[PDB]
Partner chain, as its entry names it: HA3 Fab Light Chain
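One chain is shown next in C-alpha cells, namely the form deposited without the partner chain.
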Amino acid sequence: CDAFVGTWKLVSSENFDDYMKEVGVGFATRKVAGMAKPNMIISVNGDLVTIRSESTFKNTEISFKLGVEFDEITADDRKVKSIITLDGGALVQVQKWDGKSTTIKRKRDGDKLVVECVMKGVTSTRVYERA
C-alpha cells in the first residue's frame, strides 16, 4: 500500500450526513464530524499498516495487517470487527457490528485519495489531497 503512504488533507465531502444517519450516528456527533477538517496519515512498517485520522475534534488510529480481522472502536464509538483488503489497487475496509455492515473504500485517483463510505446503498465521498 505504498501508493497510500503520506499525510492527506480533506478537500471535499459529499453526502456525509446522510451516510452517518444510515449508520446511526447521533445528531451532535454528526455535527462535529461535519465541521472537522481532518488529516488522514497513512504509514507502513513491514506488513503492519497504520491509518490515523486527526483533527481538533477527534483523533483515531488503527494498526492492522491486510486480510486479518481486527477489533476497532470507530470515531462514532461503535465496536466493530474490521477486515481490510487490497482489491483492485484500492484499500477496502468492511466493518461489521450488530448484524450490520458498512464498507469504506480508499482509492488513489490522480493526485487524490478518494474515500467512499457505503451502507445499504447510501454513499458518502470524501476526497483528500497531499498536505
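Residue numbers count along the first chain shown, from 1.
One more form of this protein should be noted, the form solved in complex with the partner chain, which is absent from this view; the next part is about it.
In the bound PDB entry, at least one heavy atom of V25 sits within 4.5 Å of the partner chain. Taking the partner from the other structure, the partner chain in the bound PDB entry has no heavy atom within 4.5 Å of any heavy atom of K105. Counting a residue when any of its non-hydrogen atoms is within 4.5 Å of the partner chain in the bound PDB entry, the one hit in 100 to 128 is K100.
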